[PDB]
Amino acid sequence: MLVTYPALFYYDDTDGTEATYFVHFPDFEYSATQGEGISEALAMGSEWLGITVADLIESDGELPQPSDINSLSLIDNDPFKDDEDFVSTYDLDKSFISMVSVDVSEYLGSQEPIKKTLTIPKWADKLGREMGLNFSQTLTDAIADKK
């Protein structure tokens, strides 16, 4: 399931710096991610896109129609251009516009229920129930806790 959206890659050196490319998709309002170099910025843009679009699909929201890349400007499509409280410092020449693709198949189905057959001692069974635990949730939390 491939989708492609144009993105703006803003070079900023002044951050001191680490990640020099701010990545924004005009079709997703205030969409923001970043990368250190060109390749990383694209890869992060793709990952952000996968997660965002997968969420829209699994929540059955509508996917925005992709903008025509030739109608985009680093100036006019600046997400912060109308924001009175923010100051952009872009180096325009080090900034570029490019397509970003992602296969959304990799981001789909992460919340899918997976049946597990477990064996626990009776003392744990009795204890968990005495505490009114949710065994499914308790195991999930425990796994997320191990990292």
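One-based numbering along the sequence shown.
Colleague: Averaging only over Cα atoms, indicate whether 12-20 or 123-131 has the higher B-factor in the PDB entry.
Modeller: Averaged over C-alpha atoms, the B-factors run higher in 12-20.
Colleague: Averaging C-alpha B-factors over each stretch, which comes out higher, 77-85 or 99-107?
Modeller: Higher mean C-alpha B-factor: 77-85.
Colleague: Whose C-alpha has the highest temperature factor in the PDB entry: 63, 32, 118, 42?
Modeller: Highest C-alpha B-factor among the listed options: 63.
Colleague: Give the position of residue 143 by CA B-factor within its chain, expressed as the lowest, middle or highest third.
Modeller: Highest third.
Colleague: Rank-wise, by C-alpha B-factor, drop residue 51 into the lowest, middle or highest third of its chain.
Modeller: Lowest third, going by the recorded CA B-factors of the chain.
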